[PDB]
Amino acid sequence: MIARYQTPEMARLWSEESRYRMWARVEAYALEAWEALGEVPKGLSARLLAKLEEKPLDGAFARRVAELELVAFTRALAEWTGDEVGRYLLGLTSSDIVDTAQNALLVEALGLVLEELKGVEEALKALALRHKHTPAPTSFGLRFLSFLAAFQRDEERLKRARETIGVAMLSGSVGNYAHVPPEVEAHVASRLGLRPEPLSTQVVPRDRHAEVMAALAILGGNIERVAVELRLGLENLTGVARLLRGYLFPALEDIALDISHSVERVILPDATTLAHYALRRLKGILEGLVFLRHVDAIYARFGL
């Protein structure tokens, strides 16, 4: 995604470095649970976490991994902490590590989109109150309340998408816990603020990703609506809405299937970052913006 349509928070969240740090946390929390089960020496996971706190994974780690090209990553992780750790990375698959980390990242990304949505929601509330008794014959305020009601529906949809995607898969080769006790997954889930994936195969099911992307595409349409109604930088918000519709189509195709889903490396980071960018741009525009006898009853439905 080109820098003009990026937020600093999304650029950091979706960087190489941030993915490796999340991978490392999954590995460390898994080791911690194996330790409770007698399968890794006491103190090995505390040592990896202490060392990550002291020397966070950065560009030099990421370049170093791009050379050895999860074997490359685990070698680079053991080498970059100078450590035993190598032998104990035991039953988990690549997909367990990578899909769990991506879920964690997507939970964070949706938290950023919700934070900005709340800003747009607050600006529309304020505009709707300010213009509650402004004549237009109707209240000019009702228009902003219509936007608010749509964004509140988007909030509900984005919170449900966040609950659906917030799962940890640490289930081993075919997803039946033969090589990794369910306790490992339960522990890693808990440490990441996720819940255990109640039924995984080799992968997390992609109806979960599709609900996230569909929530973003519906949010884009509501951003578009405000922008088209305001035109009383809106080529920008309509542009983002078209990309969000485009990005949804590969996620809908990914439902049926392994890894045939390039696709997620592009669409999840790009749609979450365009959503964040667009709501921030829309908040700025709303902050700098300019027969009635049932208006109070209508406002009351929104506690206004």
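Start at 1 with the first residue shown and count on from there.
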message: With respect to the deposited sequence, is there a break between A46 and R47 in this entry, and if so is it 1 to 3, 4 to 9, or 10 or more residues, or none at all?
response: none
task: Answer with none, 1 to 3, 4 to 9, or 10 or more: how many deposited residues between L289 and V290 are not present in the coordinates.
output: 1 to 3
message: If you take the mean CA temperature factor per stretch, which one wins between 246 to 254 and 233 to 241?
response: 233 to 241
message: Tell me which stretch has the larger mean Cα B-factor in this entry, 176 to 184 or 157 to 165.
response: 176 to 184
statement: When the entry's CA B-factors for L124, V212, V204, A136 are compared, the highest one belongs to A136
- request: Select one of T93, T74, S200, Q102: the residue whose C-alpha shows the highest B-factor in the crystal structure entry.
  value: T74
- request: Can you work out whether the C-alpha temperature factor of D270 puts it in the lowest, middle or highest third of the chain?
  value: lowest
task: Rank-wise, by C-alpha B-factor, drop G119 into the lowest, middle or highest third of its chain.
output: middle
query: Going by the entry, which third of its chain does the Cα temperature factor of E69 land in?
result: highest
message: Could you place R191 in the lowest, middle or highest third of its chain by Cα temperature factor, using the values in the record?
response: middle
message: Test of reading the entry: by CA B factor among the chain's modelled residues, which third contains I218?
response: lowest
